[PDB]
> 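Got a structure for you, written out below as structure tokens; questions coming shortly.
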2 protein chains.
Amino acid sequence: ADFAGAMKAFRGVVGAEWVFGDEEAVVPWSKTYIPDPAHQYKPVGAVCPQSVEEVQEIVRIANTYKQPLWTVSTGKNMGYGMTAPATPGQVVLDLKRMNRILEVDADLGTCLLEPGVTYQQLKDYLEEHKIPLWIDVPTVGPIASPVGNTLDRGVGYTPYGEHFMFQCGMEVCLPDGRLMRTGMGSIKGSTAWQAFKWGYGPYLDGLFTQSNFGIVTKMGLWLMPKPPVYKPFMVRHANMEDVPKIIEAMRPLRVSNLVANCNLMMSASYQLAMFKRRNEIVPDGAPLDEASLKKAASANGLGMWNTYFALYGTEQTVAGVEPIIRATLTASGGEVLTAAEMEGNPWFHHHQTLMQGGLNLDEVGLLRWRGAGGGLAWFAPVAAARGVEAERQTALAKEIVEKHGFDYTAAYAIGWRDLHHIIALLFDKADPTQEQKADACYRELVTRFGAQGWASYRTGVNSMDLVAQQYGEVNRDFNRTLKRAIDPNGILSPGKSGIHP
Amino acid sequence: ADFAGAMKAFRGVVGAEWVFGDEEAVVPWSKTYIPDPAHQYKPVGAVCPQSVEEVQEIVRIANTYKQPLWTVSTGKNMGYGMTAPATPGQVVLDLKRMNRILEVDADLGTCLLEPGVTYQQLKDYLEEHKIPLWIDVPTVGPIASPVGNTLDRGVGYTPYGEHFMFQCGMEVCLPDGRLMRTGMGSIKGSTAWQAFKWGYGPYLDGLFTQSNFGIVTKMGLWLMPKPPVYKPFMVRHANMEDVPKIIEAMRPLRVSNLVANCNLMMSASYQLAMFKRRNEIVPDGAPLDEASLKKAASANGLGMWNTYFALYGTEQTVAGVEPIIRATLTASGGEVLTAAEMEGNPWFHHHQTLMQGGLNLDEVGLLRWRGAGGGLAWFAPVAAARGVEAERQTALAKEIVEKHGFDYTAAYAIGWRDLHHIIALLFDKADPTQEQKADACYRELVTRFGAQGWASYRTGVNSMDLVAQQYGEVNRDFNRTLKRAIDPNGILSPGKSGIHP
Ligand SMILES: Cc1cc2nc3c(=O)[nH]c(=O)nc-3n(C[C@H](O)[C@H](O)[C@H](O)COP(=O)(O)OP(=O)(O)OC[C@H]3O[C@@H](n4cnc5c(N)ncnc54)[C@H](O)[C@@H]3O)c2cc1C
Ligand SMILES: Cc1cc2nc3c(=O)[nH]c(=O)nc-3n(C[C@H](O)[C@H](O)[C@H](O)COP(=O)(O)OP(=O)(O)OC[C@H]3O[C@@H](n4cnc5c(N)ncnc54)[C@H](O)[C@@H]3O)c2cc1C
Ligand SMILES: COc1cc(C=O)ccc1O
Ligand SMILES: COc1cc(C=O)ccc1O
């Protein structure tokens, strides 16, 4: 790599003012919440283009100078490494200034976006034009990116929650600087780019998700029509051990699609950590004991597990399924509550917002849980939607975090037939002993979950290799074959998903 | 290629009785319905393994002897080339003996299948075990394969109609003979292979659809729970020119998911061709005129367009949406009819069967339309679900087929935001002039649709290059890069989707 020559060429493409080339100038791309005891996850440079033509020039220069680019959209991957590259010596390719909304079709319920478009922008666009379409917001929201989240296959809480399922058409800058459009996009004068996902011949959009094979410059998305009627619900379960009964009750409702939105099943500990610090619940050096959790949860109108769903359509379509849903959840020991019961409950308000694709007051209390705070790593293993799987995963996760002196703070995102078990590893990152302990605990979570047949849907830069190691040796070798063929100079995001040149 | 050495080694793997190595032995793999005036689409051999270990040995031999393999599951790609390879000198890898149902999960609504599993087998398995799951049948059916059909991204007529969206997990024999499991399948002891589609890192399952990058040896599929209530409907439109009004009415019902199943919008000409020969409607050498079609259609309880949809769930969920659906379709000039009205109507019976995932009596009347019959090529361009697009596509298709002396016989498969415009080019293949004219007509359909920005979701072995040429040069070159890196010896299905070593 010839860094000085690459950065000088970059200034010629975007201007000196959008190239950041020394320790001091790249401070804005350098903060992470993941454990980094060796301080190895840090960029050496940032370049901020406003056009796809600039992106294509940047990629040609990157090849010529063998200078790797770590590409981000808005770079708000909080708990997954923010804008920190997976390996040393990378320049962040920050696409935040490519923030053009390119198309929105009210009739077909579609849009086409540059990567820099924020949830806030797209919400504002729809409201300002009176377009009765909804977005699907992965908790974070405001200055996060539909494009960046969809490319890391993130999740929101409407019927359109599984973001990658609703992506339709993308444009990619390939490692050699050529643009390719997927699906129907490469047909001159096509009006079906956001209409038909697959195109003809191999389906390649997936290659550009959680990967380093290309730079996405445009992406299409399907958007849900605003329903006549929106009815949010909260189910309260009293006991830490109700986990399997909740999964077993929700699964038939989801498999049969009586409930269509991805459901957050929130632990009392996680909910409390949103608005309270740990030392408001229990003293430092005391465990987060069941009795203290139950008391604090109860005083805040929360159970030990709080599961959020919604019904969408007419008063008549809602009336069609609400009785069966209530009877199933009640039989599981759940108390089903509506907005009228949950007035002024901030958790209900948080979920009520998310399940209509609303944006919440951008405020992340989890970062202040323990001591000086500032430590967050998502450990996000998959499970089949089986109560015994949730039961066993919760039990192993609790044993491992408690062994390292950390708390179990978790939610299940319930899908159709699967579950994202989201485990927030919360620590004091400012205390270098605690950062080291959180690193060791995270390694033990990954290793011991993998030995039971469980592994991550998504991970942070500090664990991408160890999570890749849970999956097959053939998978790893095949992704290396693709990398070497697609990006011969190894200049796109080396070590993303454990994929190294 | 060393054909004799390969075929001798293949006998060692599967036994002499499952290797077919000369003109007369390969006749069962050589019949096609597509136009082939040069008789160029024909295998030189066939091999029929019963195990994935046999497949791996066959692929190792193929690489050693440089002998290409054209892989098929059941090989019933009727109107898309059956088991004919896209290029000369290929041995069919016929996987029909790998017909094991590996898993069926009643609770999660999943299965795992070998490629030879037929629709009939899976239906029988579900009924024999009293498992209240449905399958989703692409018209064809009985002896077709859920695996083969999903790998070519075909379509059925339940809410699970878009087969590739419901695939979850696969095992592939890569060109070097190594097995690789996608999604969660490469995690030893994973119970989530059929639960979570994406896995971790680049999503690769699309690479093995409409492609020659791998041999699929196992595939997971999601299956729809049998609903309490199934209510099939037929909408009858009176005029050939109602096309745009039908699409414009269905689109909001589909975009808002009031109607969740892929809807077949059938031309009177196609319906008549299912049960009648052309010379029962008009004399040979007379055009298939609007008056004659209308008369024959009306005599059979059909309109000029007949659109099929179903409602699934309870009496209450059905009652929730049926009024809005009726009002919308009636306002478009459609007459909405139920089973009670359409008693003994064989078209209603045909669609009523499809839309509950039933299998029809395996009888393909389309193959006897004109003269000696035997000529069928699907021309299957995509459209955005816009009335004006259907209007313009129908108009150009009719002008081109009519200019070559053929009829417009077509259906639209209505999807969420897309249409599959399925044009059946019916011809007398036994008349070598008529086969030549159908070849020329087919070339004119692809080239002139492509000039208007329209191209195929799927195409027969005779047109795979001309359809690839409609899509981008960067797409073509990128698929060649992947082919060369994934299959260095070019031994899997050369020319599939226009992809050549
Ligand atoms: C309290 C809290 C709650 C959260 N809740 C959720 C949640 O419910 N669901 C969820 O999904 N996430 C959640 N997150 C995680 C995270 O904040 C979001 O997923 C966020 O949307 C990701 O940041 P982003 O949108 O800026 O994407 P980016 O950081 O811009 O993109 C993420 C990654 O995608 C790739 N990438 C991005 N753009 C491109 C491009 N143009 N071409 C190629 N590769 C590219 C890169 O690998 C990049 O690191 C949460 C985080 C916190 C702290
Ligand atoms: C009247 C009529 C109506 C039809 N209606 C429909 C319809 O509604 N919907 C529809 O989708 N089709 C329809 N078809 C087309 C066709 O009959 C079906 O799509 C059928 O399911 C395909 O044949 P098959 O299942 O045997 O798959 P195969 O022919 O076995 O597979 C198709 C292709 O997939 C690939 N392939 C298959 N197995 C593998 C493997 N294991 N590894 C790698 N590649 C593999 C090969 O390219 C192969 O040619 C219709 C045909 C007719 C004549
Ligand atoms: C379902 O995905 C996620 C959810 C959250 C918080 O609910 C954090 C990270 C994720 O990846
Ligand atoms: C939706 O796909 C298809 C449908 C049909 C129905 O005649 C035939 C071939 C196809 O590919």
Side-chain angles (χ1 to χ4, degrees), chain A residues 77-80 138-140 149 152-157 161 262 264 266 270 354 366 376 378 380 410-413 415 419-424 456-459, chain B residues 33 55 70-86 93-96 98 114-116 118-119 137-141 143-157 161 163 170 172-173 208-219 262 264 266 270 273-274 354 363-367 376 378 380 409-413 415 420-424 456-459 461 492-493 496-497:
Chain A
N77 221 12
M78 184 163 291
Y80 289 121
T139 302
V140 254
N149 184 93
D152 227 36
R153 301 193 292 254
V155 163
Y157 307 101
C262 166
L264 276 187
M266 307 292 302
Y270 184 118
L354 278 177
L366 298 185
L376 170 63
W378 300 117
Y412 285 89
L419 310 170
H420 300 63
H421 188 190
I422 308 306
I423 301 156
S456 300
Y457 98 100
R458 198 174 170 186
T459 215
Chain B
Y33 303 96
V55 171
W70 181 269
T71 301
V72 300
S73 292
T74 41
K76 308 291 185 251
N77 222 14
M78 183 169 286
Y80 285 123
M82 296 295 293
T83 60
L93 181 51
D94 190 333
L95 298 184
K96 69 194 187 176
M98 293 178 61
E114 294 192 318
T118 67
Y119 281 106
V137 166
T139 309
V140 231
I143 24 182
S145 167
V147 166
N149 184 92
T150 302
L151 295 173
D152 222 37
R153 306 194 291 256
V155 163
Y157 305 103
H163 294 164
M170 53 166 72
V172 184
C173 179
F208 306 106
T209 63
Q210 287 204 3
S211 86
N212 54 358
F213 299 166
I215 296 159
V216 171
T217 54
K218 311 176 161 54
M219 195 191 84
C262 170
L264 275 184
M266 307 294 299
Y270 186 113
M274 295 168 68
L354 285 179
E363 278 178 322
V364 186
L366 294 190
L367 291 180
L376 166 69
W378 304 111
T409 50
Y412 284 90
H420 297 65
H421 188 189
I422 306 308
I423 295 144
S456 302
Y457 97 104
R458 192 178 177 185
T459 212
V461 300
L492 299 195
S493 299
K496 171 61 180 173
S497 301

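Ligands are counted one by one from 1 in listed order, and the atoms in each one are counted from 1 as well. Letters A, B, ... mirror the listed sequences (proteins, then strands); counts begin at 1. Quick note: numbers below take in every heavy atom, side chains included, and nothing from hydrogens, waters or symmetry partners.
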> Could you list which atoms of ligand 2 come closer than 4.0 Å to a heavy atom of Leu95(B)?
41 (N)
> Does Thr74(B) use its side chain to pair, donor to acceptor, with the backbone of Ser145(B) at less than 3.5 Å?
yes
> Can a non-hydrogen atom of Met274(B) be found less than 4.0 Å from any atom of ligand 2?
no
> Return the residue, atom name and 0.1 Å-rounded distance of the protein heavy atom closest to atom 36 (N) of ligand 2.
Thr71(B) O, 3.8 Å
> Consider ligand 2: state whether an atom of it lies below 4.0 angstrom from any non-hydrogen atom of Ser145(B).
yes
> As a test of reading the model: which residues have a non-hydrogen atom less than 4.0 Å away from ligand 3?
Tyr80(A), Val155(A), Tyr157(A), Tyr270(A), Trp378(A), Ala413(A), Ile422(A), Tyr457(A), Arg458(A)
> At what distance is the nearest protein heavy atom to atom 13 (C) of ligand 2, and which residue and atom is it?
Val140(B) CG2, 3.8 Å
> Among protein heavy atoms, which lies nearest atom 43 (C) of ligand 2, and at what distance?
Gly214(B) O, 3.6 Å
> Out of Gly141(B), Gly148(B), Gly154(B), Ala424(B), whose heavy atom is nearest to atom 34 (O) of ligand 2?
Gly148(B)
> Examine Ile143(B) against ligand 2 and note whether any of their N/O atoms are separated by less than 3.5 Å.
no
> Among all protein heavy atoms in this structure, tell me which lies nearest to atom 28 (P) of ligand 2, with the distance rounded to 0.1 Å.
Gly75(B) N, 3.7 Å
> Look only at interatomic distance and state if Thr74(B) has a nitrogen or oxygen under 3.5 Å from any nitrogen or oxygen of ligand 2.
yes
> Would you say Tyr119(B) contacts ligand 2, with heavy atoms under 4.0 Å as the rule?
no
> So for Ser211(B), does at least one of its heavy atoms come nearer than 4.0 angstrom to any atom of ligand 2?
no
> Under 4.0 Å, counting heavy atoms only: does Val155(B) come that close to any atom of ligand 2?
yes
> Of the protein's non-hydrogen atoms, which lies at the shortest distance from atom 47 (O) of ligand 2, and what is that distance?
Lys496(B) CE, 3.3 Å
> Do me a favour and list the nearest non-hydrogen protein atom to atom 42 (N) of ligand 2 with residue, atom name and distance?
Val216(B) N, 2.9 Å
> Output the list of atoms in ligand 2 that are nearer than 4.0 Å to some heavy atom of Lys76(B), sorted by atom number.
16 (C), 17 (O), 20 (C), 22 (C), 23 (O), 24 (P), 26 (O), 29 (O)
> Which heavy atom of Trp378(A) sits nearest a heavy atom of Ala424(A), and at what distance?
CZ3-CB, 3.5 Å
> Go through the structure and list residues passing side chain to side chain donor-acceptor pair (under 3.5 Å) with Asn77(A), not counting sequence neighbours.
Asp152(A), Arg458(A)
> Output the list of atoms in ligand 2 that are nearer than 4.0 Å to some heavy atom of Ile215(B), sorted by atom number.
42 (N)
> Is there a donor-acceptor pair closer than 3.5 Å between any side-chain N or O of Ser493(B) and the backbone N or O of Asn212(B)?
no
> Identify the protein heavy atom lying closest to atom 21 (O) of ligand 2, giving its residue, its atom name and the separation to 0.1 Å.
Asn149(B) OD1, 2.9 Å
> Check for me whether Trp378(B) has a heavy atom closer than 4.0 Å to any atom of ligand 2.
yes
> Could you tell me whether some N/O pair between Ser73(B) and ligand 2 is separated by less than 3.5 angstrom?
yes
> Checking side-chain contact (heavy atoms from CB on, under 4.5 Å) for the pair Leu419(A)/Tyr457(A): CA distance, chi angles, key distance, verdict?
CA-CA 10 Å; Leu419(A) 310 170; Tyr457(A) 98 100; over 6 Å; no
> Which residue holds the protein heavy atom closest to atom 4 (C) of ligand 2, what is that atom called, and what is the gap in Å?
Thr139(B) CB, 3.8 Å
